[PDB]
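Structure file query32.cif; described as mmCIF, C-alpha atoms.
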data_final
loop_
_atom_site.group_PDB
_atom_site.id
_atom_site.type_symbol
_atom_site.label_atom_id
_atom_site.label_comp_id
_atom_site.auth_asym_id
_atom_site.auth_seq_id
_atom_site.Cartn_x
_atom_site.Cartn_y
_atom_site.Cartn_z
ATOM 1 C CA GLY A 1 154.582 94.380 83.750
ATOM 2 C CA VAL A 2 155.363 90.682 84.155
ATOM 3 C CA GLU A 3 152.867 88.510 86.040
ATOM 4 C CA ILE A 4 153.954 84.983 86.944
ATOM 5 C CA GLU A 5 151.356 82.235 87.449
ATOM 6 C CA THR A 6 153.415 79.170 88.223
ATOM 7 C CA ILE A 7 152.746 75.541 87.499
ATOM 8 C CA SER A 8 154.522 74.330 90.613
ATOM 9 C CA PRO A 9 157.062 71.529 90.351
ATOM 10 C CA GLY A 10 160.827 71.911 90.367
ATOM 11 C CA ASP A 11 163.053 73.296 93.114
ATOM 12 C CA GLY A 12 162.197 76.966 93.675
ATOM 13 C CA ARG A 13 165.756 77.963 94.583
ATOM 14 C CA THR A 14 168.020 77.935 91.502
ATOM 15 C CA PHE A 15 167.491 81.374 90.155
ATOM 16 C CA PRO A 16 169.154 82.739 87.007
ATOM 17 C CA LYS A 17 171.963 85.252 87.432
ATOM 18 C CA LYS A 18 174.142 87.393 85.192
ATOM 19 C CA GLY A 19 176.419 85.735 82.662
ATOM 20 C CA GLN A 20 174.413 82.500 82.752
ATOM 21 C CA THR A 21 173.203 80.803 79.571
ATOM 22 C CA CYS A 22 169.812 79.209 80.184
ATOM 23 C CA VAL A 23 167.634 76.810 78.204
ATOM 24 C CA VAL A 24 163.887 77.374 77.785
ATOM 25 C CA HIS A 25 161.090 75.399 76.119
ATOM 26 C CA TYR A 26 158.886 78.352 75.284
ATOM 27 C CA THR A 27 155.505 78.399 73.557
ATOM 28 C CA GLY A 28 153.886 81.706 72.694
ATOM 29 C CA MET A 29 150.206 82.570 72.590
ATOM 30 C CA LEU A 30 148.175 85.558 71.450
ATOM 31 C CA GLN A 31 145.375 86.842 73.662
ATOM 32 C CA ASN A 32 142.098 86.080 71.833
ATOM 33 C CA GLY A 33 144.255 84.701 69.033
ATOM 34 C CA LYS A 34 146.100 81.632 67.864
ATOM 35 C CA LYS A 35 149.680 80.536 68.431
ATOM 36 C CA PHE A 36 152.503 82.499 66.896
ATOM 37 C CA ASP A 37 155.735 80.907 68.140
ATOM 38 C CA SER A 38 156.957 77.612 69.560
ATOM 39 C CA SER A 39 160.274 76.044 70.498
ATOM 40 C CA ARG A 40 158.487 72.696 70.781
ATOM 41 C CA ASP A 41 158.101 72.511 67.003
ATOM 42 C CA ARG A 42 161.756 72.888 66.026
ATOM 43 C CA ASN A 43 162.828 70.884 69.137
ATOM 44 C CA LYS A 44 165.837 73.223 69.458
ATOM 45 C CA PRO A 45 165.332 74.505 72.993
ATOM 46 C CA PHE A 46 166.523 78.117 72.480
ATOM 47 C CA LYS A 47 169.828 78.457 74.301
ATOM 48 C CA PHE A 48 170.270 82.075 75.408
ATOM 49 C CA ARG A 49 172.090 84.060 78.077
ATOM 50 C CA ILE A 50 170.959 86.657 80.601
ATOM 51 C CA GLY A 51 171.446 90.408 80.462
ATOM 52 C CA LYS A 52 172.387 91.104 76.837
ATOM 53 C CA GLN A 53 168.852 92.259 75.841
ATOM 54 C CA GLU A 54 168.652 89.506 73.236
ATOM 55 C CA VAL A 55 165.063 88.647 74.180
ATOM 56 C CA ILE A 56 162.248 91.174 74.634
ATOM 57 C CA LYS A 57 161.816 92.971 77.960
ATOM 58 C CA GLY A 58 158.770 91.027 79.130
ATOM 59 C CA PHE A 59 160.399 87.655 78.512
ATOM 60 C CA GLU A 60 163.616 88.798 80.197
ATOM 61 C CA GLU A 61 162.091 89.630 83.587
ATOM 62 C CA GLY A 62 160.056 86.427 83.741
ATOM 63 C CA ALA A 63 163.152 84.338 83.023
ATOM 64 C CA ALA A 64 164.886 85.419 86.235
ATOM 65 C CA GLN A 65 161.649 84.991 88.231
ATOM 66 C CA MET A 66 161.654 81.208 87.689
ATOM 67 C CA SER A 67 163.737 78.283 88.894
ATOM 68 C CA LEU A 68 164.870 74.880 87.651
ATOM 69 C CA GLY A 69 162.159 72.561 86.355
ATOM 70 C CA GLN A 70 159.389 75.123 86.834
ATOM 71 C CA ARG A 71 156.666 76.151 84.398
ATOM 72 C CA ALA A 72 155.441 79.733 84.556
ATOM 73 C CA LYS A 73 152.801 81.659 82.597
ATOM 74 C CA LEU A 74 153.882 85.079 81.360
ATOM 75 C CA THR A 75 151.640 88.025 80.549
ATOM 76 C CA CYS A 76 153.596 90.724 78.735
ATOM 77 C CA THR A 77 152.312 94.276 78.449
ATOM 78 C CA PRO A 78 152.377 96.010 75.039
ATOM 79 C CA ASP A 79 154.975 98.586 76.103
ATOM 80 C CA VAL A 80 157.619 95.935 76.900
ATOM 81 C CA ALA A 81 157.471 93.742 73.778
ATOM 82 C CA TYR A 82 156.181 95.299 70.536
ATOM 83 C CA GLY A 83 153.070 97.386 71.198
ATOM 84 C CA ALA A 84 154.237 100.606 69.586
ATOM 85 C CA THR A 85 155.944 99.104 66.532
ATOM 86 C CA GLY A 86 154.747 95.524 66.184
ATOM 87 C CA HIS A 87 156.837 92.878 64.464
ATOM 88 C CA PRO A 88 155.974 93.078 60.736
ATOM 89 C CA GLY A 89 153.412 90.477 59.730
ATOM 90 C CA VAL A 90 153.810 88.461 62.938
ATOM 91 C CA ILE A 91 152.993 90.780 65.860
ATOM 92 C CA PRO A 92 150.371 93.530 65.496
ATOM 93 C CA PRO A 93 150.869 96.911 67.161
ATOM 94 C CA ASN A 94 149.336 97.268 70.646
ATOM 95 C CA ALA A 95 149.514 93.545 71.390
ATOM 96 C CA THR A 96 149.251 91.663 74.682
ATOM 97 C CA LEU A 97 151.504 88.622 74.848
ATOM 98 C CA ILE A 98 151.095 85.226 76.539
ATOM 99 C CA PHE A 99 153.881 82.660 76.880
ATOM 100 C CA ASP A 100 154.024 79.050 78.036
ATOM 101 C CA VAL A 101 157.539 78.925 79.491
ATOM 102 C CA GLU A 102 159.460 76.009 80.984
ATOM 103 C CA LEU A 103 162.911 76.544 82.509
ATOM 104 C CA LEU A 104 165.075 73.450 81.972
ATOM 105 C CA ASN A 105 168.428 75.186 82.033
ATOM 106 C CA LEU A 106 172.087 74.811 82.893
ATOM 107 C CA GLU A 107 174.648 77.121 84.587
#
Rewrite the structure of this file - the entire thing - as structure tokens.
Amino acid sequence: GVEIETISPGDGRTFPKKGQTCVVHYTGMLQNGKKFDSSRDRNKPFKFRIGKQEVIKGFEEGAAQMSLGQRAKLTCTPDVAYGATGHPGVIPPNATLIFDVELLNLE
């Protein structure tokens, strides 16, 4: 389950498609918890493509549901990111995930 809560500005029309490499300034957040990940810190804005299952399932569906210049607000369920396993030391099992996502892409 991906729930988009959009900070408006941008275009609203340029949607990501297959075979397109897109550029995202992400910033993670734990529900009732601190930060755990940020692309703003390294300033390397995480170039990745669509449809190769490189990212987790919750981040993948919210990427296509944005457009150029926009700023969404993800809410990833535990069963789509890590909630059974949990990433060791970084993500606990049965975790609900929040992401500050900006789509400033190409292609």
Checklist entry - Looking at A:78, A:83, A:88, A:69, which one is nearest to residue 12 (chain A), with distances taken over all atoms listed in the file? => result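 Going through A:78, A:83, A:88, A:69 one by one, the smallest distance to residue 12 (chain A) is for A:69.
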Checklist entry - Pick from A:66, A:27, A:18, A:2: nearest to residue 42 (chain A), with all atoms listed in the file counted? => result A:27
Checklist entry - What separation in Å, quoted to one decimal, exists between CA of residue 23 (chain A) and CA of residue 93 (chain A)? => result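 Going from CA of residue 23 (chain A) over to CA of residue 93 (chain A), I get 28.4 Å.
Relative to CA of residue 104 (chain A), CA of residue 8 (chain A) is found at 13.7 Å.
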Item to check | CA of residue 34 (chain A) to CA of residue 87 (chain A), straight-line distance in Å | outcome: 15.9 Å
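Restricting the calculation to only C-alpha atoms, the smallest distance between residue 77 (chain A) and any of A:64, A:95, A:106, A:30 is found for A:95.
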Item to check | Nearest candidate to residue 13 (chain A) (options A:46, A:68, A:55, A:100; using all atoms listed in the file) | outcome: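 For residue 13 (chain A), the nearest of the given residues is A:68.
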Item to check | Residues within 8 Å of residue 3 (chain A), all atoms listed in the file, excluding chain neighbours under 4 positions, as a PyMOL selection string | outcome: chain A and resi 62+73-76
Next on the checklist: Selection in question (the file shown): the PyMOL selection byres ((chain A and resi 9) around 8). Which residues does it include, as a ChimeraX atom specification?
Outcome noted: /A:7-8,10-11,69-71
Checklist entry - From the list A:92, A:99, A:5, A:17, which residue is nearest residue 51 (chain A) when using all atoms listed in the file? => result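 Between A:92, A:99, A:5, A:17, the residue approaching residue 51 (chain A) most closely is A:17.
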Next on the checklist: Which residue is closest to residue 20 (chain A)? Choose from A:49, A:44, A:81, A:98 and count all atoms listed in the file.
Outcome noted: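 Residue with the minimum atom-to-atom distance to residue 20 (chain A): A:49.
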